[PDB]
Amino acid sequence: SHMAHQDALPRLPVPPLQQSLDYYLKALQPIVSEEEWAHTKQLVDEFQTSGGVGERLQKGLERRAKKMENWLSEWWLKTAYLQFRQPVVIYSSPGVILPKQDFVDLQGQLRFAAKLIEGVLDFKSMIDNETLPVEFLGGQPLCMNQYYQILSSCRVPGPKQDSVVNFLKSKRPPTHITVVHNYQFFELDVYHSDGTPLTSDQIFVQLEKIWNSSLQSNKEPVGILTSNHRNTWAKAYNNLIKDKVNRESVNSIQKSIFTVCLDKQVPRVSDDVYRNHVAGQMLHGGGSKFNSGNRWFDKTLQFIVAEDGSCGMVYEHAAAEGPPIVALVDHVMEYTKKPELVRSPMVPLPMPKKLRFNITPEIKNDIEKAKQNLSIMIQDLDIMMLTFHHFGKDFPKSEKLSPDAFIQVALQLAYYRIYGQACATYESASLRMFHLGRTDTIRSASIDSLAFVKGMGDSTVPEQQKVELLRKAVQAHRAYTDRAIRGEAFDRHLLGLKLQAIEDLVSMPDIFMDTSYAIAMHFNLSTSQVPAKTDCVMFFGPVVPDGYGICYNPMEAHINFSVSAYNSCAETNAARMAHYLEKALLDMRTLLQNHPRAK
């Protein structure tokens, strides 16, 4: 981003060794047996003794911070995404459901799409001009690098690890987006010769041509290849681009500013599961029989516009976190609401280039293999969307409690009520106050959270006593949060020590092969908060076979929740988890209301 800004920002720190190990042991107590804790406790003491293993690894990290702009950046990008071989669909790329639009006919659908494209191009203006406003997370300026990674970029399949291409700052920045309709991709320029952006009306006229140039779904859904295992896609990709035409088409897709998906009508479903289906549409496409083939999941930004009014998006995670994405959404959405003005006549426009794909028996086979893979993925996904209308940040705030901590504590209560024990819990923490900062881990399962969940369901504990435990759990969570955004958490630090050991060519410390670390890094609950002015909601699949993926947008009067699970694990159920979460939130409000503070 703006160089002047990025330079004034502090570099990612390396927390003290003893400090992090201290927090580690604390966060483990509620999720591991006493026997395992005692053992882990021993490993830690040795690991940090003077002239020991840990001390040496720690020095390595500090040297790393001196030789790099961010000691964690590259390591995190590779281990979290580039080296993650599972399909990006569901397992990595978050999906987003935006507010349903009122268009009723195809003309309105395209009308909205054109407005959306224009809105994005407007946001891009600030990016190219480095005029994008400065953000804060608590009186501290935040890194804006992520904003210069989302547009005109794409992920690229690699035989061993993937890579990412960014053409935003290339010699001749791309001036075209890509539009997908009935599995067919089209290259569309959204800028004039002079360099001015096309207007909503102009873009509309073009979208009309595009739609009529692909009225039927008779072409192979080549885009579905992008939803397969990364290793498999890497080989299919390499073969796919052997053809000049194919290579040319893929190239346009990768360089395009962003992709717009014009989804077709899908089989009407029961109103009680409608939202869950739309969520599926945005996350994976619904299947090879619906809209999954009308996408290119390597593309950083994909905006989806259904024909029934539904709209949303799915983005490739290597590029950024939710905040930057929603900032873009809030701007675009608010832009689509801007009234009209001088609808002067516009001169003829060129015909959008159709990105053809020469299919061969080998490619066809890859496509079919991709369809089968995706079917298995989809069928195994259990999604439940929950709109918590009872209240939002309003209640927790009136109680002088952090809404996010209130929600996280509520989730811990719900989980305990179901399984009778706590579990490793992950919550995304933004480290953007640091140059190139991405995230760290806030662990919601703690000593105080466990003390609360137990006392809460205890029919022998005074209701007033449960209130104290509640506030203490929330405060303990707020504290952890404050430390996390300040680079004082320990998860990324511990990962760094492990990676430092590998690089130092020294044996893997037992502390990392310890059963406790395995449990600690096996997140049965993987979560994140993605606040937005737009009444939208995000979602993603669980990070472990027996876990849940929960995301939420805390609004003032309500909270948009998404809960995912895998059907392969009989012990988990999205609907049930959502129900217990709704009830945990209500029960906590009831407890606090029953015992007011003032007088």
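Residues carry their position along the shown sequence, with the first being 1. Rigid core: the largest C-alpha set superposing within 1.5 Å between the two forms.
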item	value
Which of 214-222 and 299-307 lies farther from this form in 4 other deposited structures of this protein, as RMS of C-alpha positions after a rigid core fit	214-222
More variable segment, 172-180 or 135-143 [Cα RMS over structures in 4 other deposited structures of this protein, core-superposed]	135-143
Mean C-alpha B-factor comparison - 395-403 and 342-350, higher one	342-350
430-438 versus 177-185 - which carries the larger mean C-alpha B factor in the record	177-185
Member of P99, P462, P159, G280 with the greatest C-alpha B factor (per the PDB record)	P462
Top residue by Cα temperature factor, when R230, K454, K124, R275 are compared in the entry	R275
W75 - Cα temperature factor, lowest/middle/highest third of chain	lowest
Position of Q48 among the chain's modelled residues by C-alpha B-factor, lowest, middle or highest third	highest
Ranked C-alpha temperature factor of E36 among modelled chain residues, by third	highest
Where the record places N567 (Cα B-factor, split into thirds across the chain)	middle
Chain thirds of CA B-factor: placement of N560	lowest
